[PDB]
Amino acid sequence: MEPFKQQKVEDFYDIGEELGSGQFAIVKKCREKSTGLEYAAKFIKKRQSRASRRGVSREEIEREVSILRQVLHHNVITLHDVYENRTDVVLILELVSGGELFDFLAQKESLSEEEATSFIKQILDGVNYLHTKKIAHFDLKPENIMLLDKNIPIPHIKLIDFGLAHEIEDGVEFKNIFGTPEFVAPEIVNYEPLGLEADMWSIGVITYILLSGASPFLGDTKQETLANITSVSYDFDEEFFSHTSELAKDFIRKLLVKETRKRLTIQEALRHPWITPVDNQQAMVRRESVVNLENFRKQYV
């Protein structure tokens, strides 16, 4: 098991602007002095003991690193190196400086469902690689779908933040409560057995929001949000879904299913007609169907 470098990160990197933060990790933009190449440095604060309200445990850091070290894919963030001092364990990761997918979408003059499925298909490709390796992401949500270079015509998506990711064991049961309520599967809220299926639910939510601007199960309070999810109470309200094709809806509807066995696995979602058209007729429908960008820009900004 590769050991973490014990040197001071600042002796090897020039630390720069803050890229983001969140709970127990601050991500700063850095540059290695020897090579001159740029990266992003994720400082994870370690726990003091175990009750300790501040910090992440050793296991959960070692899990994340273990998982990150396995993954080399074009739609997934790649690890460069790991450092450690007395307070923080610092992950030096690929620099993805294109911002969030949704921020880029929110600036477009127009967006067809074909253009939409391009970006969704990248997310699917990435999740397929993970799932083939029996790795659940468990935190798929818009702010975790980043872009490399927004200045190109079709930006390239990179999945980030594997802090809740987990290797799925055959025969072993895994239950936990985590994630952002708005995007979590029913099995998470119910504290029922989890697996690869939860990611597919969250792709459903992501697609629902991407096409419409509205969130499927979001309530006025966390309570309401959780009750909507558990009953699977959403609709395709024509105020948001008048421009939306039947196939787009079929896709979302087969993902947002309570029964984990009946939900689409990743390989099925890649092969869905909305992602992979079977004839040239349905390819035209997708190219002609538009997304309502103002509904989207309103619920974003």
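Numbers for residues come from their place in the sequence shown, where the first is 1.
Peer 1: Looking only at CA atoms, which has the higher mean B factor in the entry: 201-209 or 140-148?
Peer 2: 140-148 has the higher mean C-alpha B-factor.
Peer 1: For the stretches 149-157 and 92-100, which has the higher mean C-alpha B-factor as given in the deposited record?
Peer 2: Stretch with the higher mean C-alpha B-factor: 149-157.
Peer 1: Looking at the entry's B-factor column for C-alpha atoms only, identify whether residue 36 ranks in the lowest, middle or highest third of its chain.
Peer 2: It falls in the bottom third of the chain.
Peer 1: Split into thirds by Cα B-factor across the chain's modelled residues, where does residue 249 land: lowest, middle or highest?
Peer 2: Lowest third.
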